[PDB]
Amino acid sequence: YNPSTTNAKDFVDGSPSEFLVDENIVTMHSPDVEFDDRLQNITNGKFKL
Amino acid sequence: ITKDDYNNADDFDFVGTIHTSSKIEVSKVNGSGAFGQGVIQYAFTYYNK
């Protein structure tokens, strides 16, 4: 949106039930998580991708 | 009688002697293992074969 014209709220109110994709936040799916229950309890694990 | 490095009078007692200042710190790692819920305390003791 152009901030000089409209606010964020007024812009979203034209279609508040619209969805956008997000590749900046992804969802990794490995068999270890589903089958190894030790990886379903990770909490803020410092890892590199 | 097959040892010639007896340097004090406490080396002959039934109970052993500790000369060094053992520094043993225990920290909890999370992610790997299998334990039961509760609190746990670790005890240490030297013993000659």
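Going down the list, the sequences are from chains A and B. Residue numbering for the first sequence follows our numbering, beginning at 1 and increasing consecutively. Residue numbering for the second sequence follows our numbering, beginning at 50 and increasing consecutively. A virtual CB, placed ideally from N, CA and C, is assigned to each residue, including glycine.
Simplified DSSP state of residue i, which is helix, strand or coil
i     : result
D62/B : coil
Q40/A : helix
Run of the alpha helix (DSSP H) containing residue i, from where it starts to where it stops
i     : result
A8/A  : 8-12
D32/A : 31-35
Which listed residue (the options) has its alpha carbon closest to that of residue i
i     : options                    : result
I73/B : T94/B, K98/B, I50/B, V64/B : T94/B
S81/B : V21/A, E18/A, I42/A        : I42/A
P16/A : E23/A, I25/A, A8/A         : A8/A
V78/B : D32/A, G45/A, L49/A, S30/A : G45/A
Proximal residues of chain A, C-beta to C-beta of residue i below 9 Å
i     : result
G80/B : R38, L39, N41, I42, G45
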